[PDB]
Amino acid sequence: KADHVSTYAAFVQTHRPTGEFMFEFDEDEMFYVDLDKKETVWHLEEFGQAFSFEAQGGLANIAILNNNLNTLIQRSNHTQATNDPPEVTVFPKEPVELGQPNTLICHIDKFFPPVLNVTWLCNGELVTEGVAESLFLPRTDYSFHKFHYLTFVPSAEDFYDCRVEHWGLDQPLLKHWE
């Protein structure tokens, strides 16, 4: 029962990404501590100009969580969870107009562990530019979701696919939208 839900969510695992520390307001990530550059990254420019978060607070929490991980690996007698495959959806940000710029969104949902490989393909060809991605967003059911983005110019000759590899999938999941 709430008007708003503000949550600090952090995870730590054996595979890459080894850890993650983030803050969400109503299921939307406001900021995260980039563990590699060791600095706070704000989702929108406006959040950074108005607020501050000291990176050491995230780094310290990751350290605590890693200690808790090792203790639970011992306690659970090395219990590895089942691989829960993702559910993929491709949709544009804007209504499609041939020739007019747009963003294709690949939303990978209900998966565990947060270990994944995502590639954008156009006509069976690997696409490296105009690509962006969200973090591994923690769901309230202890599963994860993620967003992948591709900035493109709608062409009737160009066929886009989002390919996702996950341990719970024997075959990679290949999803599309024009």
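All residue numbers are counted from 1 along the displayed sequence. Whichever C-alpha set is largest while still superposing within 1.5 Å between the two forms counts as the rigid core.
Trainee: Compare 155 to 163 with 17 to 25 and report which one shows the larger root mean square C-alpha deviation from this form in 4 other deposited structures of this protein once the rigid core is superposed.
Mentor: Once the cores are fitted, 155 to 163 deviates more in 4 other deposited structures of this protein.
Trainee: Taking only the CA atoms, which stretch has the higher mean B-factor in the record, 46 to 54 or 145 to 153?
Mentor: The stretch with the larger mean CA B-factor is 46 to 54.
Trainee: 116 to 124 versus 65 to 73: which one carries the higher mean Cα B factor per the record?
Mentor: Here the higher of the two C-alpha B-factor means belongs to 116 to 124.
Trainee: Out of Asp34, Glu29, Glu133, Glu129, which residue has the highest Cα temperature factor in the PDB record?
Mentor: Spelled out: the listed residue with the top C-alpha B-factor is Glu129.
Trainee: Consider only the C-alpha atoms of the modelled residues in this chain, order them by B-factor as the entry records it, and name the third containing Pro95: lowest, middle or highest.
Mentor: Highest third - that is where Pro95 ends up once the chain's C-alpha B-factors are sorted.
Trainee: Per the entry's values, where does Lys110 land by CA temperature factor relative to the rest of its chain, in the lowest, middle or highest third?
Mentor: For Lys110, the deposited C-alpha B-factor lands in the lowest third.
Trainee: Can you tell me which third, lowest, middle or highest, the CA B-factor of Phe23 falls into for its chain?
Mentor: It falls in the bottom third of the chain.
Trainee: Ranking the modelled residues of this chain by C-alpha B-factor as given in the entry, is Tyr160 in the lowest, middle or highest third?
Mentor: As the PDB entry reports it, the C-alpha B-factor of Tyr160 lands in the highest third of its chain.
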